[PDB]
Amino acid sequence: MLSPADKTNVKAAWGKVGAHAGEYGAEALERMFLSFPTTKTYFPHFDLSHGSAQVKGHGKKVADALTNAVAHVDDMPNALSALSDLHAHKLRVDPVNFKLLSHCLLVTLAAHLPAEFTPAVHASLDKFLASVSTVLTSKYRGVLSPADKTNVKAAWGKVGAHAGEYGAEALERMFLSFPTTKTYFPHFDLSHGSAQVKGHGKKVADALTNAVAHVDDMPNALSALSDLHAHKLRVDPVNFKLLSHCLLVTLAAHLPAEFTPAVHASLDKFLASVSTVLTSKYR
């Protein structure tokens, strides 16, 4: 998460931005609409022509919100609480788009801060924008509610002793459906029935079992595994979403009565939380 040196780097960079925040915010948007045209689907009510007052005023609003974030770097969820509500309940922009605007903001700063945009500052600014994006999307579905926790414990209870079997199936579904994931297992026999896959599936399942048992203290229960993925195995974070989907498909195929729409939603939120914890120490 944002270290104090990260915070120092962002403060210095944004201070140099200074009175140009608004102009750079407008440029970042323009870059985004041009490079990623699908983001225009959220603004069909604007004149998106170059230099338009709507794009300029929106850029200033975005830049001010970032300024607020830089000045309250230690209390971001609180400083941006109003904006997180607005995007979650009213604007409902798909979370993938935040990565697109973050990239365009980073390109804009690079183009305008030759002296300041060093490798370490680049790293710090990317982390900062990721954290902002995370806070702004945090209420789309929110924390695990007591109803979610109940649904997860109920479904996993029904999994019971088959947890290991289901972990192996999920891996097999992943390797077939998303072949790029096989790049992390060059030392495995990945054929159907492989004992290496079954042994690994059981390890993965056992860890999920521990996570369910510690659902209110998941970061500490999963700490050694977070260390291991972040500093040794170093699996790209995108891959956790693919295994999560394949675990959900496995549960759906084995739990005809238990896999209701509500339990589906709760499980998807639970596996995203597990995925978050497992990638929390990457950077």
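Note that residue numbering begins at 1 and tracks the sequence as displayed.
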{"query": "Mean C-alpha B-factor comparison - 179-187 and 76-84, higher one", "finding": "76-84"}
{"query": "Between 53-61 and 239-247 (mean CA B-factor, as deposited), the higher", "finding": "53-61"}
{"query": "Candidate set 252, 257, 66, 32 [ranked by C-alpha B-factor, highest]", "finding": "257"}
{"query": "Maximum C-alpha temperature factor, selected from 127, 173, 99, 158", "finding": "158"}
{"query": "Among modelled residues of the same chain, the CA temperature factor third for residue 169", "finding": "middle"}
{"query": "Residue 265, C-alpha B-factor rank within chain (lowest, middle or highest third)", "finding": "lowest"}
{"query": "Relative C-alpha B-factor of residue 217, binned into the chain's lowest, middle or highest third", "finding": "highest"}
{"query": "Entry-reported Cα temperature factor of residue 8, expressed as the chain third it lands in", "finding": "highest"}
{"query": "Lowest, middle or highest third - CA B-factor, residue 145", "finding": "highest"}
